[PDB]
Amino acid sequence: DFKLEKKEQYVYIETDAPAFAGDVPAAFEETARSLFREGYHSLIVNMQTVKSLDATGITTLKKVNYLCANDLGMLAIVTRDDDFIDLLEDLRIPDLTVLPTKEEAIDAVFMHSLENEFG
């Protein structure tokens, strides 16, 4: 079960899950796709508690990120853990952004928006 903060530009999603795997990525993808059809182009998820991934989790992560980018938005991930950032960045997902804090993730989302028009 995810906690949602709905704003105008973006959605902030939280999870307590220790690992992204099993029925979790399918659940997240369901939540993400429902928010997409509500008009949201940008998602910020807090993965700080997630220490590991599976095959499904990566493809899900890849897909949600693509759906965000295609809407001219982006998918931001929030975690302080360093080796987890090394893992996510090793996925070679081009527009995937990993940031230490929520305030920084929100900055990135709005920066991206500005980057479209004035980049």
# chains A, B, ... in the order shown; residues from 1 in each chain; ligands from 1
>>> residues_around(residues="residue A:55", least_positions_apart="5", cutoff="10 Å", atoms="only C-alpha atoms", output="list in words")
residues 20, 21, 22, 25, 60 and 61 of chain A
>>> write_last_selection(atoms="N, CA and C atoms", output="PDB file, in the first residue's frame")
ATOM      1  N   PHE A  20      11.766  -4.083  -3.769  1.00  0.00           N
ATOM      2  CA  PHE A  20      10.864  -3.892  -4.893  1.00  0.00           C
ATOM      3  C   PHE A  20      10.892  -5.169  -5.718  1.00  0.00           C
ATOM      4  N   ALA A  21       9.814  -5.943  -5.621  1.00  0.00           N
ATOM      5  CA  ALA A  21       9.767  -7.307  -6.145  1.00  0.00           C
ATOM      6  C   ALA A  21       8.431  -7.959  -5.813  1.00  0.00           C
ATOM      7  N   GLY A  22       8.171  -9.111  -6.423  1.00  0.00           N
ATOM      8  CA  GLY A  22       6.934  -9.830  -6.186  1.00  0.00           C
ATOM      9  C   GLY A  22       5.726  -9.106  -6.745  1.00  0.00           C
ATOM     10  N   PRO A  25       5.891  -4.467  -7.638  1.00  0.00           N
ATOM     11  CA  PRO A  25       6.018  -3.654  -8.855  1.00  0.00           C
ATOM     12  C   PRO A  25       4.737  -3.614  -9.685  1.00  0.00           C
ATOM     13  N   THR A  60       9.400  -2.730 -14.714  1.00  0.00           N
ATOM     14  CA  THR A  60       8.356  -1.823 -14.251  1.00  0.00           C
ATOM     15  C   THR A  60       8.918  -0.415 -14.116  1.00  0.00           C
ATOM     16  N   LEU A  61      10.069  -0.320 -13.458  1.00  0.00           N
ATOM     17  CA  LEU A  61      10.757   0.949 -13.266  1.00  0.00           C
ATOM     18  C   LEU A  61      11.095   1.583 -14.614  1.00  0.00           C
TER      19      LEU A  61
END
>>> select_by_dssp(residues="stretch 16-106 of chain A", states="alpha helix (DSSP H)", output="CSV table (one decimal) with C-alpha atoms, in the first residue's frame")
chain,number,residue,atom,x,y,z
A,24,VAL,CA,4.9,-4.8,-5.4
A,25,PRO,CA,6.0,-3.7,-8.9
A,26,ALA,CA,2.7,-4.7,-10.3
A,27,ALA,CA,0.9,-2.7,-7.6
A,28,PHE,CA,3.1,0.3,-8.2
A,29,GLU,CA,2.5,0.1,-12.0
A,30,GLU,CA,-1.2,0.0,-11.3
A,31,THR,CA,-1.0,3.1,-9.1
A,32,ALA,CA,1.2,4.8,-11.7
A,33,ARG,CA,-1.1,4.1,-14.6
A,34,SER,CA,-4.2,5.3,-12.8
A,35,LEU,CA,-2.4,8.6,-12.1
A,36,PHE,CA,-1.2,8.9,-15.7
A,55,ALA,CA,13.6,-8.5,-12.8
A,56,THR,CA,10.0,-7.4,-12.8
A,57,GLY,CA,10.8,-4.4,-10.6
A,58,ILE,CA,13.4,-3.2,-13.1
A,59,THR,CA,11.2,-3.5,-16.2
A,60,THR,CA,8.4,-1.8,-14.3
A,61,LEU,CA,10.8,0.9,-13.3
A,62,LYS,CA,11.8,1.2,-16.9
A,63,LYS,CA,8.3,1.3,-18.2
A,64,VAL,CA,6.9,3.9,-15.7
A,65,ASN,CA,9.9,6.1,-16.4
A,66,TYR,CA,9.2,5.9,-20.2
A,67,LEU,CA,5.5,6.8,-19.7
A,68,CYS,CA,6.6,9.8,-17.7
A,69,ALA,CA,9.2,10.9,-20.3
A,70,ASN,CA,6.7,10.5,-23.2
A,82,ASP,CA,24.4,5.2,-1.8
A,83,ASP,CA,24.8,1.6,-3.0
A,84,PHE,CA,21.2,1.6,-4.0
A,85,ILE,CA,21.8,4.7,-6.2
A,86,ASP,CA,24.8,2.8,-7.7
A,87,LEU,CA,22.3,0.0,-8.5
A,88,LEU,CA,19.6,2.3,-10.0
A,102,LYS,CA,12.1,15.1,-1.4
A,103,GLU,CA,12.7,18.8,-1.7
A,104,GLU,CA,15.5,18.1,-4.2
A,105,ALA,CA,13.3,15.7,-6.2
A,106,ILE,CA,10.6,18.4,-6.5
>>> select_by_dssp(residues="chain A", states="strand (DSSP E or B)", output="PyMOL selection string")
chain A and resi 3-6+11-14+20+43-46+53+75-78+97-99
>>> closest_residue(among="A:95, A:90, A:8, A:1", to="residue A:77", atoms="only C-alpha atoms")
A:95
>>> atom_distance(atom1="atom CA of residue A:117", atom2="atom CA of residue A:94")
19.7 Å
>>> residues_around(residues="residue A:107", least_positions_apart="6", cutoff="12 Å", atoms="only C-alpha atoms", output="PDB file with C-alpha atoms, in the first residue's frame")
ATOM      1  CA  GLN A   9       2.392  19.251 -11.449  1.00  0.00           C
ATOM      2  CA  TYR A  10       3.396  15.976  -9.788  1.00  0.00           C
ATOM      3  CA  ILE A  44       8.257  11.235  -7.280  1.00  0.00           C
ATOM      4  CA  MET A  74       9.962  12.554 -15.418  1.00  0.00           C
ATOM      5  CA  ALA A  76      12.217  10.889  -9.611  1.00  0.00           C
ATOM      6  CA  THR A  97      16.744  10.452 -11.594  1.00  0.00           C
ATOM      7  CA  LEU A  99      18.015  12.217  -5.461  1.00  0.00           C
ATOM      8  CA  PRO A 100      18.723  12.246  -1.694  1.00  0.00           C
ATOM      9  CA  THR A 101      15.741  14.340  -0.548  1.00  0.00           C
ATOM     10  CA  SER A 113       9.544  21.254 -17.037  1.00  0.00           C
ATOM     11  CA  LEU A 114      11.528  24.449 -17.590  1.00  0.00           C
ATOM     12  CA  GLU A 115      14.120  22.461 -19.544  1.00  0.00           C
TER      13      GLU A 115
END
>>> closest_residue(among="A:109, A:78, A:3, A:98", to="residue A:45", atoms="only C-alpha atoms")
A:78
>>> closest_residue(among="A:5, A:16, A:71, A:89", to="residue A:48", atoms="only C-alpha atoms")
A:16
>>> residues_around(residues="residue A:11", least_positions_apart="5", cutoff="8 Å", atoms="only C-alpha atoms", output="list in words")
residues 4, 5, 6, 40, 42, 43 and 44 of chain A
>>> decode(residues="stretch 4-32 of chain A", atoms="N, CA, C and O atoms", output="PDB file, in the first residue's frame")
ATOM      1  N   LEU A   4      -0.025   8.600  -1.050  1.00  0.00           N
ATOM      2  CA  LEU A   4       0.024   9.537  -2.166  1.00  0.00           C
ATOM      3  C   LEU A   4      -0.162  10.987  -1.730  1.00  0.00           C
ATOM      4  O   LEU A   4      -1.055  11.302  -0.945  1.00  0.00           O
ATOM      5  N   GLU A   5       0.696  11.864  -2.243  1.00  0.00           N
ATOM      6  CA  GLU A   5       0.488  13.301  -2.118  1.00  0.00           C
ATOM      7  C   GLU A   5       0.239  13.886  -3.501  1.00  0.00           C
ATOM      8  O   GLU A   5       1.149  13.953  -4.326  1.00  0.00           O
ATOM      9  N   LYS A   6      -0.995  14.308  -3.753  1.00  0.00           N
ATOM     10  CA  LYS A   6      -1.359  14.826  -5.066  1.00  0.00           C
ATOM     11  C   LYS A   6      -1.199  16.340  -5.147  1.00  0.00           C
ATOM     12  O   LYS A   6      -1.849  17.086  -4.413  1.00  0.00           O
ATOM     13  N   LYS A   7      -0.327  16.784  -6.045  1.00  0.00           N
ATOM     14  CA  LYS A   7      -0.156  18.203  -6.318  1.00  0.00           C
ATOM     15  C   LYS A   7      -0.550  18.489  -7.763  1.00  0.00           C
ATOM     16  O   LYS A   7      -0.998  17.592  -8.473  1.00  0.00           O
ATOM     17  N   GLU A   8      -0.392  19.734  -8.195  1.00  0.00           N
ATOM     18  CA  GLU A   8      -0.792  20.121  -9.544  1.00  0.00           C
ATOM     19  C   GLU A   8       0.108  19.500 -10.611  1.00  0.00           C
ATOM     20  O   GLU A   8      -0.371  18.852 -11.541  1.00  0.00           O
ATOM     21  N   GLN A   9       1.412  19.706 -10.465  1.00  0.00           N
ATOM     22  CA  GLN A   9       2.392  19.251 -11.449  1.00  0.00           C
ATOM     23  C   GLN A   9       2.753  17.770 -11.314  1.00  0.00           C
ATOM     24  O   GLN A   9       2.981  17.087 -12.314  1.00  0.00           O
ATOM     25  N   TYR A  10       2.796  17.277 -10.079  1.00  0.00           N
ATOM     26  CA  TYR A  10       3.396  15.976  -9.788  1.00  0.00           C
ATOM     27  C   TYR A  10       2.659  15.198  -8.702  1.00  0.00           C
ATOM     28  O   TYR A  10       1.824  15.750  -7.984  1.00  0.00           O
ATOM     29  N   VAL A  11       2.978  13.912  -8.588  1.00  0.00           N
ATOM     30  CA  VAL A  11       2.494  13.088  -7.482  1.00  0.00           C
ATOM     31  C   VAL A  11       3.666  12.550  -6.666  1.00  0.00           C
ATOM     32  O   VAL A  11       4.654  12.076  -7.226  1.00  0.00           O
ATOM     33  N   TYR A  12       3.554  12.630  -5.344  1.00  0.00           N
ATOM     34  CA  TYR A  12       4.580  12.100  -4.454  1.00  0.00           C
ATOM     35  C   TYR A  12       4.115  10.786  -3.832  1.00  0.00           C
ATOM     36  O   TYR A  12       3.137  10.756  -3.085  1.00  0.00           O
ATOM     37  N   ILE A  13       4.824   9.705  -4.143  1.00  0.00           N
ATOM     38  CA  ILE A  13       4.426   8.368  -3.711  1.00  0.00           C
ATOM     39  C   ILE A  13       5.401   7.776  -2.695  1.00  0.00           C
ATOM     40  O   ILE A  13       6.613   7.796  -2.903  1.00  0.00           O
ATOM     41  N   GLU A  14       4.869   7.250  -1.596  1.00  0.00           N
ATOM     42  CA  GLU A  14       5.699   6.629  -0.567  1.00  0.00           C
ATOM     43  C   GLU A  14       5.429   5.134  -0.429  1.00  0.00           C
ATOM     44  O   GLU A  14       4.307   4.673  -0.642  1.00  0.00           O
ATOM     45  N   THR A  15       6.464   4.383  -0.065  1.00  0.00           N
ATOM     46  CA  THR A  15       6.322   2.957   0.209  1.00  0.00           C
ATOM     47  C   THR A  15       7.215   2.535   1.374  1.00  0.00           C
ATOM     48  O   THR A  15       8.295   3.092   1.573  1.00  0.00           O
ATOM     49  N   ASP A  16       6.741   1.575   2.161  1.00  0.00           N
ATOM     50  CA  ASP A  16       7.519   1.023   3.268  1.00  0.00           C
ATOM     51  C   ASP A  16       8.210  -0.288   2.893  1.00  0.00           C
ATOM     52  O   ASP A  16       8.881  -0.903   3.722  1.00  0.00           O
ATOM     53  N   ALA A  17       8.039  -0.710   1.643  1.00  0.00           N
ATOM     54  CA  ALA A  17       8.532  -2.009   1.187  1.00  0.00           C
ATOM     55  C   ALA A  17      10.054  -2.128   1.260  1.00  0.00           C
ATOM     56  O   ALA A  17      10.775  -1.267   0.754  1.00  0.00           O
ATOM     57  N   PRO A  18      10.544  -3.205   1.892  1.00  0.00           N
ATOM     58  CA  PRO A  18      11.979  -3.472   2.036  1.00  0.00           C
ATOM     59  C   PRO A  18      12.637  -3.837   0.711  1.00  0.00           C
ATOM     60  O   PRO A  18      13.842  -3.644   0.540  1.00  0.00           O
ATOM     61  N   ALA A  19      11.847  -4.366  -0.216  1.00  0.00           N
ATOM     62  CA  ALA A  19      12.360  -4.760  -1.520  1.00  0.00           C
ATOM     63  C   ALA A  19      11.316  -4.534  -2.604  1.00  0.00           C
ATOM     64  O   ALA A  19      10.127  -4.775  -2.393  1.00  0.00           O
ATOM     65  N   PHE A  20      11.766  -4.083  -3.769  1.00  0.00           N
ATOM     66  CA  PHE A  20      10.864  -3.892  -4.893  1.00  0.00           C
ATOM     67  C   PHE A  20      10.892  -5.169  -5.718  1.00  0.00           C
ATOM     68  O   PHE A  20      11.845  -5.416  -6.458  1.00  0.00           O
ATOM     69  N   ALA A  21       9.814  -5.943  -5.621  1.00  0.00           N
ATOM     70  CA  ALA A  21       9.767  -7.307  -6.145  1.00  0.00           C
ATOM     71  C   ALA A  21       8.431  -7.959  -5.813  1.00  0.00           C
ATOM     72  O   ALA A  21       7.658  -7.437  -5.010  1.00  0.00           O
ATOM     73  N   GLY A  22       8.171  -9.111  -6.423  1.00  0.00           N
ATOM     74  CA  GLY A  22       6.934  -9.830  -6.186  1.00  0.00           C
ATOM     75  C   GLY A  22       5.726  -9.106  -6.745  1.00  0.00           C
ATOM     76  O   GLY A  22       5.705  -8.730  -7.917  1.00  0.00           O
ATOM     77  N   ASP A  23       4.717  -8.908  -5.903  1.00  0.00           N
ATOM     78  CA  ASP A  23       3.487  -8.249  -6.327  1.00  0.00           C
ATOM     79  C   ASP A  23       3.574  -6.733  -6.172  1.00  0.00           C
ATOM     80  O   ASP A  23       2.657  -6.008  -6.556  1.00  0.00           O
ATOM     81  N   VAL A  24       4.681  -6.262  -5.604  1.00  0.00           N
ATOM     82  CA  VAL A  24       4.888  -4.831  -5.389  1.00  0.00           C
ATOM     83  C   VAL A  24       5.033  -4.022  -6.691  1.00  0.00           C
ATOM     84  O   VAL A  24       4.370  -2.995  -6.839  1.00  0.00           O
ATOM     85  N   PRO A  25       5.891  -4.467  -7.638  1.00  0.00           N
ATOM     86  CA  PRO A  25       6.018  -3.654  -8.855  1.00  0.00           C
ATOM     87  C   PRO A  25       4.737  -3.614  -9.685  1.00  0.00           C
ATOM     88  O   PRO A  25       4.476  -2.617 -10.358  1.00  0.00           O
ATOM     89  N   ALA A  26       3.954  -4.688  -9.641  1.00  0.00           N
ATOM     90  CA  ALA A  26       2.676  -4.724 -10.339  1.00  0.00           C
ATOM     91  C   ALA A  26       1.692  -3.766  -9.677  1.00  0.00           C
ATOM     92  O   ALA A  26       0.869  -3.141 -10.348  1.00  0.00           O
ATOM     93  N   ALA A  27       1.788  -3.655  -8.356  1.00  0.00           N
ATOM     94  CA  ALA A  27       0.941  -2.746  -7.596  1.00  0.00           C
ATOM     95  C   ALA A  27       1.306  -1.295  -7.891  1.00  0.00           C
ATOM     96  O   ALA A  27       0.433  -0.452  -8.095  1.00  0.00           O
ATOM     97  N   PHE A  28       2.605  -1.015  -7.914  1.00  0.00           N
ATOM     98  CA  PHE A  28       3.098   0.324  -8.208  1.00  0.00           C
ATOM     99  C   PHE A  28       2.731   0.746  -9.625  1.00  0.00           C
ATOM    100  O   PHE A  28       2.365   1.896  -9.862  1.00  0.00           O
ATOM    101  N   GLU A  29       2.834  -0.190 -10.563  1.00  0.00           N
ATOM    102  CA  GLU A  29       2.521   0.094 -11.958  1.00  0.00           C
ATOM    103  C   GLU A  29       1.037   0.398 -12.119  1.00  0.00           C
ATOM    104  O   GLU A  29       0.648   1.204 -12.962  1.00  0.00           O
ATOM    105  N   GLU A  30       0.211  -0.252 -11.302  1.00  0.00           N
ATOM    106  CA  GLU A  30      -1.224   0.001 -11.311  1.00  0.00           C
ATOM    107  C   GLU A  30      -1.516   1.406 -10.792  1.00  0.00           C
ATOM    108  O   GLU A  30      -2.301   2.147 -11.385  1.00  0.00           O
ATOM    109  N   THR A  31      -0.876   1.761  -9.684  1.00  0.00           N
ATOM    110  CA  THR A  31      -1.018   3.090  -9.101  1.00  0.00           C
ATOM    111  C   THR A  31      -0.530   4.159 -10.072  1.00  0.00           C
ATOM    112  O   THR A  31      -1.162   5.204 -10.232  1.00  0.00           O
ATOM    113  N   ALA A  32       0.595   3.885 -10.725  1.00  0.00           N
ATOM    114  CA  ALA A  32       1.190   4.827 -11.665  1.00  0.00           C
ATOM    115  C   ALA A  32       0.302   5.054 -12.883  1.00  0.00           C
ATOM    116  O   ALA A  32       0.118   6.189 -13.321  1.00  0.00           O
TER     117      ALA A  32
END
